[PDB]
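Chains C, X, U, E, D and W, in that order, give the protein sequences.
Number 317 in the authors' numbering belongs to position 314 of the first sequence; there are no gaps in the numbering.
Number 160 in the authors' numbering belongs to position 50 of the second sequence; there are no gaps in the numbering.
Number 113 in the authors' numbering belongs to position 3 of the third sequence; there are no gaps in the numbering.
Number 172 in the authors' numbering belongs to position 170 of the fourth sequence; there are no gaps in the numbering.
Number 415 in the authors' numbering belongs to position 413 of the fifth sequence; there are no gaps in the numbering.
Number 89 in the authors' numbering belongs to position 5 of the sixth sequence; there are no gaps in the numbering.
Below: one structure, written as structure tokens.
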Amino acid sequence: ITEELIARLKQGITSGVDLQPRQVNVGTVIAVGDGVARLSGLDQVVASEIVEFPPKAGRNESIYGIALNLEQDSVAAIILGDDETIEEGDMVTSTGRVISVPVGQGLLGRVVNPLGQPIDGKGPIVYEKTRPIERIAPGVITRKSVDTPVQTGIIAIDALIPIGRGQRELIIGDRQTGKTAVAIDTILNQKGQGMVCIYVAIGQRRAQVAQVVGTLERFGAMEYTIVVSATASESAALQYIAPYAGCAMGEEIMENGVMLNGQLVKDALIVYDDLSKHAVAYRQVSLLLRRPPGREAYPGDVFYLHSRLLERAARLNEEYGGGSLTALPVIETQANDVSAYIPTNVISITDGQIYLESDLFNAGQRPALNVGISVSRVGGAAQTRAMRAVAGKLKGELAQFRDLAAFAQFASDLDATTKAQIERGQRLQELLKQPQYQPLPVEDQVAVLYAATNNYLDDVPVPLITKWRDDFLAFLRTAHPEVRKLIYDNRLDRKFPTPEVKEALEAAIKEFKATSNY
Amino acid sequence: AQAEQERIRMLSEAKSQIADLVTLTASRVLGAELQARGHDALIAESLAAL
Amino acid sequence: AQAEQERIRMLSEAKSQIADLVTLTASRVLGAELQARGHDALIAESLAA
Amino acid sequence: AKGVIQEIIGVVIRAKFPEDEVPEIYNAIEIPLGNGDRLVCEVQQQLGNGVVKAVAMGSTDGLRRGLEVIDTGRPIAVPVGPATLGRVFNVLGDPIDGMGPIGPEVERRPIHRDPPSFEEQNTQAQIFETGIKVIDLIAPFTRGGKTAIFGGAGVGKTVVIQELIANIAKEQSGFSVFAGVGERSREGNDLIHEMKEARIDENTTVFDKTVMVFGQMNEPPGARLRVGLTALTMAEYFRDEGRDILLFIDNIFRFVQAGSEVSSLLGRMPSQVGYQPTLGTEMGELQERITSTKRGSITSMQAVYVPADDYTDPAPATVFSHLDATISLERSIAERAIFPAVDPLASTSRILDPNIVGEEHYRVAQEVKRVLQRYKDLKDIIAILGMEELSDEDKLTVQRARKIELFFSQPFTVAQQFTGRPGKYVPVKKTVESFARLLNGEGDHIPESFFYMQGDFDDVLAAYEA
Amino acid sequence: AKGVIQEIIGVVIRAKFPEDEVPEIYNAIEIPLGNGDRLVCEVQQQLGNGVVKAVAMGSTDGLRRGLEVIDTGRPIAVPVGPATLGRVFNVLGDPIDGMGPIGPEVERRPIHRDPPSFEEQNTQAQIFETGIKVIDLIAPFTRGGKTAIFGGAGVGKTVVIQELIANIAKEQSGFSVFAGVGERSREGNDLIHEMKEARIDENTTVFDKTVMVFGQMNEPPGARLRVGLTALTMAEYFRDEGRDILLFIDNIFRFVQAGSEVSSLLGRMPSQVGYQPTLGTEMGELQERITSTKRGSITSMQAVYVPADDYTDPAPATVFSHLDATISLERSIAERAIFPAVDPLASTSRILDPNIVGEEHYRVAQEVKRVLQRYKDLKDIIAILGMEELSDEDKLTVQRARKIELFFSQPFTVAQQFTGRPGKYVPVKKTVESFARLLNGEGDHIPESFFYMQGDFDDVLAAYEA
Amino acid sequence: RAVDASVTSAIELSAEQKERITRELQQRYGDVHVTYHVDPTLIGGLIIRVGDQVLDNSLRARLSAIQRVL
Ligand SMILES: Nc1ncnc2c1ncn2[C@@H]1O[C@H](COP(=O)(O)OP(=O)(O)OP(=O)(O)O)[C@@H](O)[C@H]1O
Ligand SMILES: Nc1ncnc2c1ncn2[C@@H]1O[C@H](COP(=O)(O)OP(=O)(O)O)[C@@H](O)[C@H]1O
Ligand SMILES: [Mg+2]
Ligand SMILES: [Mg+2]
């Protein structure tokens with residue numbers, strides 16, 4: 004119907020475009036420092052506009068910058084791109100629009116800048132609405148208590164450190180300890196749990212983010228995940244605004260939702276890959292803007308910064324949509340100094356901690372979680388009733404072992420009861436070891452912990468507990484699918500150990516122990 | 111599937127290249143047409159509202 | 111094959127792009143003085159590829 | 003009035019006013035923005051010719067240099083009165099809960115007042131009957147005195163706060179005020195409203211008898227700094243009415259670090275850890291209006307976070323300079339299900355001396371501490387070796403220590419949902435007599451695990467001796 | 003493009019230009035000198051009215067406050083091409099050895115380029131062979147990977163970096179780009195030149211196949227800072243040519259320290275412990291250009307000097323995030339006369355995955371670590387008990403661990419001067435079998451001392467024959 | 085006069101047109117300090133700047149706007 008195109012055209016051009024001479028506001032750069040321009044005194048600029056720097060001779064691209072400090076006769080604007088090109092006297096025009104990012108269904112399974120520009124080279128983003136960055140928190144009456152669990156897929160977290168929809172759980176650790184491993188496992192575990200994952204990748208390497216994206220691609224995890232990226236080479240402004248763009252996307256998922264696997268999904272998960280490097284980027288931006296340095300040279304408002312970032316993660320009630328947004332910030336502690344500035348800030352503003360230690364990691368134990376100091380302050384509310392009932396015994400026994408952990412090299416030479424406790428603790432700790440990219444579904448973890456808590460693995464030697472778990476799981480998958488289905492179906496039951504599930508599980512485990520030899 | 115996505119992206123990248131070439135050709139031709147056309151009345155457009 | 115098809119499509123559709131270039135050239139400035147060599151003439155001179 | 007905003011550097015802004023009518027310090031200049039959404043600020047300095055530096059107390063993102071700035075002529079004014087009961091406010095005094103605006107008819111008072119003058123101070127210290135036996139005995143409150151609650155995250159702090167609100171609402175008329183300084187928008191904005199609305203010591207809900215003010219985490223440093231003063235201004239009306247008020251502050255260390263961040267933003271020289279140079283004075287402006295005047299009294303119970311674990315750090319040090327009691331809640335008393343999870347050997351209180359609480363109270367408190375200390379020491383004897391090694395008069399000490407530890411447990415009127423036992427309020431004198439009787443006599447022939455959740459010694463005796 | 007020098011304070015120079023032709027941010031100011039040579043500063047900050055603040059790149063003890071300066075228009079330009087092969091350069095890309103100046107026909111490129119985009123990045127983690135076995139089956143290389151060495155003050159980092167260049171010139175061609183950031187003149191000069199010229203293959207010295215760019219603690223901070231970028235340009239040329247270039251950086255610790263000094267002299271606000279605010283971004287721009295594109299790949303190793311043992315120090319702390327593999331040299335092993343002196347434990351590698359280096363490679367690497375990890379656990383047992391009270395089966399573990407620890411040592415073609423016998427290149431997949439045989443127990447009868455320095459297991463067998 | 089301004093035109097401006105546009109800008113002050121530029125790369129357009137506000141009705145602007153379809 005070309006007549007429709009003819010009617011739509013020929014009217015907007017004649018009397019739909021103002022074409023009115025009016026004077027739009029601009030300024031001129033008067034000093035370019037370390038990625039910071041002053042833009043002279045461009046007036047009528049909102050406190051965080053994005054200035055435009057139109058192309059000039061020797062540059063056919065447009066480079067954007069954030070106007071952060073609005074001084075009298077000076078607007079010190081941090082540049083988002085490369086400052087090699089902007090020169091003194093360059094005319095800069097200010098858009099009236101605050102930073103915005105494309106969001107929604109279309110931006111799914113794509114690697115994008117904080118500004119939303121693709122960096123995957125797979126075409127432009129398809130979208131129709133842009134959500135402004137830097138939004139106010141949901142508020143007081145808008146939220147609901149965290150109840151629905153977020154099955155991360157690794158036994159230690161899902162049993163001892165619950166993560167629920169809306170919770171802000173911190174992965175605090177040191178050097179390489181599996182923080183990205185724990186996060187990437189959590190993301191991979193959401194294949195059919197109605198969640199949209201956001202990875203932010205602040206200050207990482209291009210090769211590292213490429214490797215993570217390849218890992219998600221390999222496990223078919225790019226039909227439900229977004230990846231933002233502001234690598235190390237990128238200017239400090241891009242890293243500074245990266246997590247805010249990521250959580251803007253997450254907020255769009257939370258409020259409106261997206262059509263995932265033929266159903267509307269309003270739950271989101273966002274993993275700020277390094278709030279430590281984010282704070283470092285913000286410190287660079289502040290110090291280059293000559294803002295006053297606070298403790299440890301971080302500006303006075305880094306706490307406010309991470310606070311407004313993280314408090315946008317919430318569990319909206321049914322009135323406002325029922326959506327959710329779980330934040331999983333990650334921090335790179337130095338020498339396990341948890342008392343440093345940003346670690347203290349983030350543990351104070353977050354709802355729980357997942358302490359990853361280098362000692363346990365180098366101790367041969369892959370998942371280096373520290374149950375003693377790690378805490379999820381949501382508690383059992385973020386566990387299914389099944390896992391909640393099963394894991395109390397696990398927590399008690401692990402606590403007992405940690406109390407008597409000094410006797411591993413003296414376990415045999417002790418009381419019978421103490422020897423039994425130490426043996427059980429060693430078996431449980433060996434059981435919590437898990438390889439990488441191998442998430443365990445909730446029913447599987449429930450079955451394994453039901454076995455372990457009850458006196459079933461006592462016959463099993465300690466070094467073979469992991470192999471026992473692996474082949475027992477394979478047995479349940481192939482030999483007794485109905486047991487897994489039954490456990491999954493009544494996971495929410497108030498009294499999970501019902502007679503039917505109890506006897507089915509007992510029969511399955513007894514059959515496996517009879518068939519196998521250890 | 112990866113091969114199929116590559117063909118789609120290759121066509122898309124070819125589409126972008128064609129669009130850029132067409133834009134450059136239009137700019138070169140637009141300059142020629144404008145010069146032969148003349149630009150006497152451009153001043154009148156600068157005061158429709160100012 | 112994709113590269114060969116694209117080159118074939120680009121070469122085959124060059125006239126169509128010229129037809130679109132004429133429409134864009136006509137709408138390039140929203141007008142065309144009659145005292146000119148012609149938008150089509152400039153497009154032919156700037157046909158290039 | 004009618005200044006113009008000149009500079010915007012993060013939260014800090016500078017507004018230029020005429021030569022006259024320059025706002026004073028703490029004058030709450032408001033910026034019209036959006037649709038009536040005012041970015042209330044707080045002037046902190048006067049510079050040059052009418053330029054005044056102010057803290058954002060809001061987003062300060064949609065602002066542009068050159069906007070109109072309106073001076074209110076007074077510090078931030080917050081509503082005060084019964085109209086604030088059962089409502090939830092931010093630092094600015096606007097109700098953030100669902101209900102509507104307070105309305106112009108309700109009185110509004112400046113946030114920045116001066117503490118009571120020297121004459122108004124109570125010459126002597128009066129014990130505050132909190133009702134909870136362990137607190138009333140081991141770490142008694144002081145009428146108009148501060149208190150610290152160093153307990154584990156999830157050991158019963160909120161339940162204790164609810165019980166204190168219930169007692170101050172029930173026995174004496176009273177009210178309560180909750181100042182969630184830097185309180186998380188989940189564990190504070192929501193994990194509290196539901197708990198205080200469901201919790202009903204009497205027909206009235208704890209929520210209906212308490213004024214709630216939240217300086218949320220996401221708010222800028224100015225809000226977290228002045229939310230405590232907003233809470234104090236809201237409580238001071240009820241104190242001026244002659245009532246006795248409990249002011250609960252959540253993690254006063256967040257108030258300290260909000261002040262530190264504000265000082266750093268203003269460019270002041272840092273001090274001794276990086277904390278604000280005006281740390282003592284800031285902690286004095288707050289926490290000095292928490293005093294027992296002639297007309298009424300504001301008692302307070304302030305949660306405190308120790309940086310690292312340094313009781314010598316300047317923040318907890320300056321807080322301790324203004325503390326009259328300390329309660330160390332412990333999870334170890336929580337696995338053994340005692341509701342007040344208070345460690346009697348770590349919790350202390352200044353008022354626990356013979357002169358103020360009397361001779362008998364001090365004697366029984368010292369005796370309880372002594373037997374508990376003996377039991378703690380004999381931990382190793384009982385665990386390493388066993389009960390048989392315990393000598394005569396030391397088996398009895400441990401035996402009594404068990405019964406003392408259980409007898410500290412009390413059934414709260416707000417705990418009748420968790421456990422179902424009816425509430426009980428044991429007066430201080432009843433606690434003194436009960437514990438004296440338990441120590442110098444009766445209670446040995448009665449087996450332990452029968453002092454569990456009982457009030458006076460008469461209550462346990464009559465109830466569980468049948 | 004002609005300015006005038008305004009101020010000169012230390013190695014920081016302020017020049018003024020006409021407003022219409024102020025140099026960009028990273029242009030070379032190129033101050034001419036009377037003798038005929040020139041001082042080539044670089045702009046770092048455009049401030050004021052056509053005033054630029056620049057770093058010296060040179061002595062700056064022979065210039066006044068009015069010298070004319072010619073803006074180059076382009077950043078520091080360095081030669082690139084086969085012509086710049088087997089030549090020694092400084093930060094400005096000027097040949098500092100005795101040979102004549104590079105001709106004007108050699109292509110010159112700016113040192114401030116952009117790293118490869120995200121799309122160009124490659125995910126295939128192909129292993130890169132080195133010949134130092136303890137590096138090959140503890141923490142192997144990765145093409146387009148940032149290996150790094152740690153520890154310092156005596157442990158052989160520079161020597162293993164020379165050995166790698168020699169062995170990788172034996173392997174294929176291995177055109178190596180040595181980036182001497184603040185290298186000692188003795189270490190970098192007349193020892194790298196001497197050793198590389200001595201190391202001969204096919205009547206063409208390894209020196210003639212590698213390009214060396216030496217900054218100098220003696221040169222000002224700016225030269226030591228930008229020397230790494232110069233070497234990166236030199237290698238990026240060959241990467242664009244498609245060849246697999248190998249770039250070596252000496253003591254990135256000195257790169258960080260030079261950055262800190264430049265920042266302090268420039269008046270930048272100090273960050274952390276007096277370090278530059280741009281610590282992360284400088285390492286980002288230096289390290290991000292080292293990667294593997296589809297066409298070519300700049301594989302690399304970067305030596306690091308950790309002060310004492312403080313891995314928290316800002317230089318190693320910054321560089322850790324960019325490493326695909328880390329090697330930890332310890333003095334305790336050096337006291338054991340081990341050329342590699344690498345610690346088999348605490349030296350990881352991201353490609354130590356069954357399906358990247360072969361199925362047996364991962365399990366034999368872990369088994370060797372398991373054997374060595376056991377030896378540490380019972381070190382005190384062996385110490386005071388002299389292997390007594392051992393489980394015997396553990397004695398074999400002990401014996402195999404000591405044999406393994408001695409067998410990691412390899413005569414370095416670059417260590418022949420000190421004491422060693424001629425070097426041996428031990429190809430991976432020819433000596434992973436050797437270690438598998440050792441674990442299996444084929445060398446359970448050979449004495450311990452015969453695994454001292456031999457390379458393959460066949461070599462120690464042949465030695466044991468005699 | 086008090087305010088400074090700048091003007092750019094694709095073609096070399098004739099004197100009569102220069103005076104015409106000079107007196108056209110009488111909204112602010114009349115014959116303000118105008119530094120007429122050419123910038124021949126500009127096509128059939130007029131970029132006038134007065135104070136810290138610009139006007140850009142040049143055809144390059146519309147060409148870029150159409151190019152945004154990319
Ligand atoms: N759960 C795991 N199972 C097996 N291997 C693991 C596991 N977690 C980590 N690893 C190993 O440790 C390496 C480093 O882990 P990872 O990158 O996840 O840690 P990190 O703390 O995120 O590190 P970084 O700070 O360097 O980004 C992984 O490449 C893998 O080799
Ligand atoms: N492979 C080796 N063989 C013999 N001696 C070595 C070897 N590697 C290092 N050394 C000793 O270390 C010294 C130089 O160490 P070097 O490689 O410069 O370490 P760094 O660069 O950290 O100072 C030499 O003088 C020598 O004594
Ligand atoms: Mg990581
Ligand atoms: Mg060295």
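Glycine included, C-beta positions come from ideal geometry on N, C-alpha and C.
Please look up how many angstroms separate the CB atoms of residue i and residue j, rounded, as I've assumed it's under 8 Å.
i, j, result
"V29 (chain C)", "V78 (chain C)", "So it is not a contact: roughly 11 Å between Cβ atoms."
"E204 (chain E)", "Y427 (chain E)", "That pair is no contact at about 12 Å."
"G206 (chain C)", "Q170 (chain C)", "With a Cβ gap of about 24 Å, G206 (chain C) and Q170 (chain C) do not count as contacting."
"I334 (chain C)", "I345 (chain C)", "6 Å"
"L268 (chain D)", "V13 (chain D)", "Not confirmed; about 10 Å, so no contact."
"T293 (chain D)", "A210 (chain C)", "5 Å"
Does DSSP put residue i in a helix, in a strand, or in coil?
i, result
"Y459 (chain C)", "coil"
"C200 (chain C)", "strand"
"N191 (chain E)", "coil"
"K280 (chain C)", "helix"
Mind pulling the chain W residues with CB within less than 9 Å of residue i?
i, result
"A146 (chain X)", "Within chain W, no residue comes near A146 (chain X); the closest Cβ sits about 12 Å away, beyond 9 Å."
"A129 (chain X)", "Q151, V153 and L154"
Just the chain C side, please: which residues come within less than 8 Å of residue i by C-beta, in chain order?
i, result
"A158 (chain X)", "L22, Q23 and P24"
Taking only beta-carbon atoms, is residue i less than 9 Å away from chain U?
i, result
"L147 (chain W)", "yes"
Chain W partners of residue i, CB-CB under 7 Å?
i, result
"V139 (chain U)", "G128 and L143"
"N28 (chain C)", "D136 and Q137"
"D93 (chain C)", "Within 7 Å Cβ-Cβ: nothing; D93 (chain C) doesn't reach chain W, min ~13 Å."
What residues of chain C sit near residue i, judged by a beta carbon separation below 7 Å?
i, result
"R117 (chain X)", "Ordered by position in chain C, no residue passes the 7 Å Cβ test against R117 (chain X), which lies about 12 Å from the chain."
Using a cut-off of 9 Å between C-beta atoms, extract the partners of residue i located in chain C.
i, result
"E196 (chain E)", "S148"
Name the chain D residues whose beta carbon is nearer than 8 Å to that of residue i?
i, result
"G325 (chain C)", "The premise fails here: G325 (chain C) is roughly 36 Å from chain D at the closest Cβ pair, so nothing lies under 8 Å."
Bridge partners for residue i per DSSP, in chain order?
i, result
"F410 (chain C)", "BP columns for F410 (chain C) are empty, so no partner."
"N28 (chain C)", "W:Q137"
"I251 (chain D)", "D:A181 and D:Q304"
"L268 (chain D)", "Its beta-bridge partners do not exist; DSSP assigns none."
Applying a beta-carbon distance threshold of less than 9 Å, which residues of chain D neighbour residue i?
i, result
"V35 (chain C)", "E26, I27, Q47, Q48 and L49"
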